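**Student:** What follows is data.csv, CSV, C-alpha atoms.
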chain,number,residue,atom,x,y,z
R,1,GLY,CA,12.6,-15.3,-16.5
R,2,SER,CA,10.1,-14.4,-13.8
R,3,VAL,CA,6.5,-15.4,-14.2
R,4,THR,CA,4.1,-13.7,-11.7
R,5,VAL,CA,0.8,-15.4,-11.0
R,6,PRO,CA,-2.4,-13.7,-12.1
R,7,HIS,CA,-5.1,-12.4,-9.7
R,8,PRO,CA,-8.5,-11.4,-11.0
R,9,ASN,CA,-9.8,-11.2,-7.4
R,10,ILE,CA,-8.0,-7.8,-7.1
R,11,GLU,CA,-8.8,-4.9,-9.4
R,12,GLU,CA,-5.7,-3.1,-10.8
R,13,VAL,CA,-5.8,0.7,-10.8
R,14,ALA,CA,-3.4,3.4,-12.0
R,15,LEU,CA,-2.6,5.9,-9.3
R,16,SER,CA,-2.9,9.5,-10.7
R,17,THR,CA,-2.7,13.1,-9.5
R,18,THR,CA,-6.0,13.1,-7.6
R,19,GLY,CA,-6.5,13.5,-3.9
R,20,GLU,CA,-5.0,15.2,-0.9
R,21,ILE,CA,-2.1,12.9,0.1
R,22,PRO,CA,0.7,13.4,-2.4
R,23,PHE,CA,2.8,10.3,-3.0
R,24,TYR,CA,5.7,10.0,-5.6
R,25,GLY,CA,4.5,12.5,-8.2
R,26,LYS,CA,1.0,11.1,-7.6
R,27,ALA,CA,-1.9,12.2,-5.4
R,28,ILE,CA,-3.6,9.4,-3.5
R,29,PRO,CA,-7.3,10.2,-3.3
R,30,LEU,CA,-8.4,9.4,0.3
R,31,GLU,CA,-11.3,7.4,-1.4
R,32,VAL,CA,-8.6,4.6,-1.8
R,33,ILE,CA,-7.4,4.5,1.8
R,34,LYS,CA,-10.3,6.2,3.7
R,35,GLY,CA,-13.6,4.5,4.4
R,36,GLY,CA,-12.1,1.2,5.8
R,37,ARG,CA,-8.7,-0.6,6.0
R,38,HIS,CA,-6.0,-0.2,3.3
R,39,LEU,CA,-2.3,-1.1,3.0
R,40,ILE,CA,0.1,1.3,1.4
R,41,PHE,CA,3.5,0.0,0.2
R,42,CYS,CA,6.4,2.4,0.5
R,43,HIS,CA,10.1,2.2,-0.5
R,44,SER,CA,11.5,4.5,2.1
R,45,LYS,CA,11.2,4.5,5.9
R,46,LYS,CA,11.2,8.3,6.2
R,47,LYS,CA,8.1,8.5,4.0
R,48,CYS,CA,6.3,5.9,6.2
R,49,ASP,CA,6.7,8.3,9.2
R,50,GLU,CA,5.2,11.4,7.4
R,51,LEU,CA,2.7,9.5,5.2
R,52,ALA,CA,1.3,7.7,8.3
R,53,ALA,CA,1.1,10.7,10.6
R,54,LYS,CA,-0.2,12.9,7.8
R,55,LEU,CA,-3.1,10.5,7.3
R,56,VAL,CA,-4.1,11.0,10.9
R,57,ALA,CA,-4.4,14.7,10.1
R,58,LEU,CA,-6.5,14.0,6.9
R,59,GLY,CA,-8.9,12.0,9.1
R,60,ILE,CA,-7.5,8.5,8.5
R,61,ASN,CA,-5.8,6.3,11.1
R,62,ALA,CA,-2.6,5.4,9.3
R,63,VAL,CA,0.4,3.4,10.6
R,64,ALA,CA,3.9,3.0,9.2
R,65,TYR,CA,5.7,-0.4,9.6
R,66,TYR,CA,9.3,-1.2,8.7
R,67,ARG,CA,12.6,-2.6,10.0
R,68,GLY,CA,12.9,-1.4,13.6
R,69,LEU,CA,9.2,-0.3,14.0
R,70,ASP,CA,6.8,-0.8,16.9
R,71,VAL,CA,3.5,-2.7,16.6
R,72,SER,CA,1.0,0.2,16.0
R,73,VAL,CA,-1.2,-1.0,13.1
R,74,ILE,CA,-4.7,-1.9,14.2
R,75,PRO,CA,-6.8,-3.8,11.7
R,76,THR,CA,-9.5,-4.6,14.3
R,77,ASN,CA,-11.6,-1.4,14.5
R,78,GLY,CA,-11.7,2.2,13.2
R,79,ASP,CA,-10.7,2.8,9.5
R,80,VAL,CA,-7.0,2.2,9.7
R,81,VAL,CA,-4.6,2.3,6.7
R,82,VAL,CA,-1.3,0.5,7.1
R,83,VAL,CA,1.6,2.1,5.0
R,84,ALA,CA,4.6,-0.2,5.3
R,85,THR,CA,7.4,-1.7,3.1
R,86,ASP,CA,8.1,-5.5,3.4
R,87,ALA,CA,8.1,-5.5,7.2
R,88,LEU,CA,4.4,-5.9,8.0
R,89,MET,CA,4.5,-9.1,5.9
R,90,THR,CA,1.1,-10.8,5.6
R,91,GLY,CA,0.8,-13.3,8.4
R,92,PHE,CA,-2.3,-11.6,9.7
R,93,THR,CA,-3.3,-9.3,6.8
R,94,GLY,CA,-5.8,-9.9,4.0
R,95,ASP,CA,-8.6,-7.8,5.5
R,96,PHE,CA,-7.8,-4.7,3.3
R,97,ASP,CA,-10.0,-3.0,0.8
R,98,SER,CA,-7.1,-2.0,-1.4
R,99,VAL,CA,-3.3,-1.7,-1.6
R,100,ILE,CA,-1.6,1.5,-2.9
R,101,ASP,CA,1.9,0.6,-4.1
R,102,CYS,CA,4.7,2.6,-5.8
R,103,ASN,CA,5.9,-0.5,-7.9
R,104,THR,CA,9.4,0.5,-6.7
R,105,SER,CA,11.6,-0.8,-3.9
R,106,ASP,CA,14.5,1.2,-2.4
R,107,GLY,CA,14.1,3.5,-5.5
R,108,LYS,CA,14.5,0.5,-7.8
R,109,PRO,CA,11.6,-0.9,-9.8
R,110,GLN,CA,9.7,-3.5,-7.8
R,111,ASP,CA,10.7,-7.1,-8.7
R,112,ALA,CA,8.3,-9.7,-10.3
R,113,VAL,CA,7.4,-11.3,-7.0
R,114,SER,CA,7.2,-7.8,-5.2
R,115,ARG,CA,3.8,-7.1,-6.9
R,116,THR,CA,2.9,-10.8,-6.6
R,117,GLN,CA,3.5,-10.6,-2.8
R,118,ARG,CA,2.3,-7.0,-2.6
R,119,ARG,CA,-0.9,-7.6,-4.6
R,120,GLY,CA,-1.9,-10.6,-2.5
R,121,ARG,CA,-3.4,-8.6,0.4
R,122,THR,CA,-6.7,-7.0,-0.7
R,123,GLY,CA,-9.5,-9.3,-2.0
R,124,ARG,CA,-9.9,-11.7,1.0
R,125,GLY,CA,-13.7,-12.1,0.9
R,126,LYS,CA,-14.3,-9.5,-1.8
R,127,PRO,CA,-12.5,-7.8,-4.8
R,128,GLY,CA,-9.4,-6.0,-3.4
R,129,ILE,CA,-8.2,-2.8,-5.3
R,130,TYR,CA,-4.6,-2.2,-6.1
R,131,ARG,CA,-3.2,1.2,-7.2
R,132,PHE,CA,0.4,1.3,-8.5
R,133,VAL,CA,2.6,4.3,-9.4
R,134,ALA,CA,5.0,3.1,-12.1
R,135,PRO,CA,6.9,6.2,-13.3
R,136,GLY,CA,8.1,4.7,-16.6
R,137,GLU,CA,6.7,1.2,-16.3
R,138,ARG,CA,3.5,-0.4,-17.6
Take the structure I supplied and represent it as structure tokens, if you would.
**Tutor:**
Amino acid sequence: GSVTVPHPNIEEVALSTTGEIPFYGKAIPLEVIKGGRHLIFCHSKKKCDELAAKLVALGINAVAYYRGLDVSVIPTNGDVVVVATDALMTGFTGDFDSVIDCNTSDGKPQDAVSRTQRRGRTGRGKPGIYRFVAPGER
């Protein structure tokens, strides 16, 4: 079977209906992406376009990264939140306060390594926070 490695360095959270940015039957409270740098994992490219631009309207600098996307994320200054699928990778990431994921890829439930690779992003120097959606998963 698949055995994902643990990770006490990151705090696991359950995304709920609380906030202003709606996201898959869930409401991301800006307190999870606003206030610093955060990475949001999406399963659709069309959502990355609205979800990122919408954040700029909320007051957060958000970027959407995916296959065929231009370098726009800026993790060097200004609270920027990166919302991308598996295109941003993690060659230069790690400086994130938390990662909001939908635990689902292309509509299907994320795979064992998906959260393993997705969780490994926040917690580089401090305790990273990770909020997942999980419609019928636990």
**Student:** Hey, can you check how far CA of residue 5 (chain R) sits from CA of residue 116 (chain R)?
**Tutor:** 6.7 Å
**Student:** Please provide as a compact mmCIF listing (two decimals) with C-alpha atoms, in the frame of the given file all residues within 12 Å of residue 26 (chain R), with the sequence filter that same-chain residues fewer than 6 positions apart are discarded (counting only C-alpha atoms).
**Tutor:**
# COMPACT_ATOMS: atom_id res chain seq x y z
CA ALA R 14 -3.40 3.40 -12.00
CA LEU R 15 -2.60 5.90 -9.30
CA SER R 16 -2.90 9.50 -10.70
CA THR R 17 -2.70 13.10 -9.50
CA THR R 18 -6.00 13.10 -7.60
CA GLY R 19 -6.50 13.50 -3.90
CA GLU R 20 -5.00 15.20 -0.90
CA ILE R 100 -1.60 1.50 -2.90
CA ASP R 101 1.90 0.60 -4.10
CA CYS R 102 4.70 2.60 -5.80
CA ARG R 131 -3.20 1.20 -7.20
CA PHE R 132 0.40 1.30 -8.50
CA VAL R 133 2.60 4.30 -9.40
CA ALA R 134 5.00 3.10 -12.10
CA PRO R 135 6.90 6.20 -13.30
**Student:** Separation of CA of residue 79 (chain R) and CA of residue 119 (chain R), in Å?
**Tutor:**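 CA of residue 119 (chain R) lies at a distance of 20.1 Å from CA of residue 79 (chain R).
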**Student:** Using all atoms listed in the file, list the residues that have an atom at most 12 Å from (6.5, 12.6, 2.8), coordinates as in the file, as a list in words.
**Tutor:**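 Using all atoms listed in the file, the matching residues come out as residues 21, 22, 23, 24, 25, 26, 27, 42, 43, 44, 45, 46, 47, 48, 49, 50, 51, 52, 53, 54, 55, 64 and 83 of chain R.
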**Student:** Could you tell me which of R:9, R:77, R:105, R:61 comes closest to residue 39 (chain R) if we count only C-alpha atoms?
**Tutor:**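 Closest residue, counting only C-alpha atoms: R:61.
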**Student:** Excluding residue 114 (chain R) and its own-chain neighbours fewer than 6 positions away, which residues fall within 9 Å of it when counting only C-alpha atoms? Please give them as a ChimeraX atom specification.
**Tutor:** /R:86,103-105
**Student:** Give me, please, the distance in Å between CA of residue 67 (chain R) and CA of residue 138 (chain R), quoted to one decimal.
**Tutor:**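 Going from CA of residue 67 (chain R) over to CA of residue 138 (chain R), I get 29.1 Å.
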**Student:** Smallest atom-to-atom distance to residue 13 (chain R): which of R:37, R:99, R:80, R:137, using all atoms listed in the file?
**Tutor:** R:99
**Student:** With all atoms listed in the file as the counted atoms, please give the residues lying no more than 12 Å from residue 71 (chain R), apart from itself and same-chain residues fewer than 5 positions off, as a PyMOL selection string.
**Tutor:** chain R and resi 63-66+82+84+87-88
**Student:** With all atoms listed in the file as the atoms that count, which of R:113, R:3, R:56, R:10 lies nearest to residue 126 (chain R)?
**Tutor:**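 Among the listed residues, the smallest separation from residue 126 (chain R) belongs to R:10.
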**Student:** May I ask which of the residues R:8, R:117, R:60, R:32 is the closest one to residue 89 (chain R), counting all atoms listed in the file?
**Tutor:** R:117
**Student:** For each of R:59, R:127, R:91, R:107, take the minimum atom-to-atom distance to residue 35 (chain R), counting all atoms listed in the file, then give the residue where this is smallest.
**Tutor:**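 Ranked by minimum distance to residue 35 (chain R), first place goes to R:59.
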**Student:** Rank R:122, R:41, R:92, R:34 by their smallest atom-to-atom distance to residue 110 (chain R), using only C-alpha atoms, and report the top residue only.
**Tutor:**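 Between R:122, R:41, R:92, R:34, the residue approaching residue 110 (chain R) most closely is R:41.
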